[PDB]
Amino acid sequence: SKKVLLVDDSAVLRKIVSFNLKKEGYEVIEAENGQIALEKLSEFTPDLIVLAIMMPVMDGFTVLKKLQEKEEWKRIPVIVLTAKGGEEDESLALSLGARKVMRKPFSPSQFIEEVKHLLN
């Protein structure tokens, strides 16, 4: 089955996204911040990254930048899921290599539709 790296500083947020991903048979690996997410890429290669922006230690913009700078990391598709819904914030994220930006609050069903689209 497909493997998703879920990167967000909220345990409550990770729980509900993980539940919806596991409804579709996907495996889920969690990271509490950007640095931990990049450390987890040494263990495995995910099929998709779900990434928040506002995290301690390393923010999502820094993560996106670091993903593009490493040969093996830059082709992993990333969906940014964030409360930072502004148009300049989206443009920056897309310019840093994110495939899609989705705003919080979000619809779990719409989120899973988009996860399916990128995984196929």
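Numbers follow the displayed sequence, beginning with 1.
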Next item on the list: Could you check which stretch, 71-79 or 47-55, carries the larger mean CA temperature factor in the entry?
Entry: 71-79
Next item on the list: Just grab whichever of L41, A93, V63, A31 has the top CA B-factor as deposited.
Entry: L41
Check: By its CA B factor, does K23 count among the lowest, middle or highest third of the modelled residues in the chain?
Finding: highest
Next item on the list: Give the position of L119 by CA B-factor within its chain, expressed as the lowest, middle or highest third.
Entry: highest
